[PDB]
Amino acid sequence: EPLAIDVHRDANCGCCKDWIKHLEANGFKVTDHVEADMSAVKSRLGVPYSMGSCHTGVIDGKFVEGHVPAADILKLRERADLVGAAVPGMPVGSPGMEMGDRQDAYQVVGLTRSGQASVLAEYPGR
């Protein structure tokens, strides 16, 4: 029973492809949907504009916005109060966005049923 995740992304989003490859390297079964219309996907899942990123995934009913680490997807699965988790933007050093030894600090921000932010994980910058 490997975990399954459905990813929609643009055809020319190479970081997005890198992130999928990090998930498969962690054992996820990934379905890759190339879609030119990510605004439709994010709006369909109620991804708040302020949390947007390069790609939008769905696992077990909850959305996964941006370069969320796999360990944080596992925490997202366990949390009945959260409808999604996001890494907004494209911080360098997040999985699939790695560009050397330096890393932007970033957080994984869960969203609650009623729309509140909730910090799932914090990643210190190097």
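Just count from 1 along the sequence shown to find any residue number.
Two stretches are in play, 56-64 and 35-43, and the higher mean C-alpha B-factor belongs to 35-43. Considering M97, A80, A85, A70 together, the PDB entry gives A80 the largest C-alpha B factor. Sort the modelled residues of the chain by CA B factor and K21 lands in the lowest third. In the deposited entry, the Cα temperature factor of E122 sits in the bottom third of values across the chain's modelled residues.
Per the deposited record, the Cα B-factor of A11 falls in the highest third when ranked against the other modelled residues of its chain. Looking at the C-alpha B-factors along this chain, the one for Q107 belongs to the lowest third.
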